[PDB]
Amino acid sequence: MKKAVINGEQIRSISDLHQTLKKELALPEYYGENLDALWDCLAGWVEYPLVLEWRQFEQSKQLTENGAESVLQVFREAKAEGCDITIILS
């Protein structure tokens, strides 16, 4: 298993969110920091099984605009397609 953790209270912008994903999922250095790039990396880069623990989700929405919800939805759609992703929302 690959484990990824987002501490929601430390996310102060959409950039912080994408940089945290880049580290936690061990993404490519070319990572495009956008929703199509995140989708591509779930589809054809990231290691599975994956466990994403996203804490303080509400606080991470505060400073990312609609970024936290759209990123979460990319993970849920990937899971819906069969990627072995376990999502823990705290």
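Counting begins at 1, following the sequence as shown.
- Annotation for 48-56 versus 35-43: the higher mean temperature factor (C-alpha) is found in 48-56.
- Comparing 65-73 with 19-27, the higher mean C-alpha B-factor in the PDB entry belongs to 65-73.
- Ranked by C-alpha B-factor against the other modelled residues of its chain, residue 88 falls in the middle third.
- Sorting the modelled residues of the chain by their CA temperature factor places residue 6 in the lowest third.
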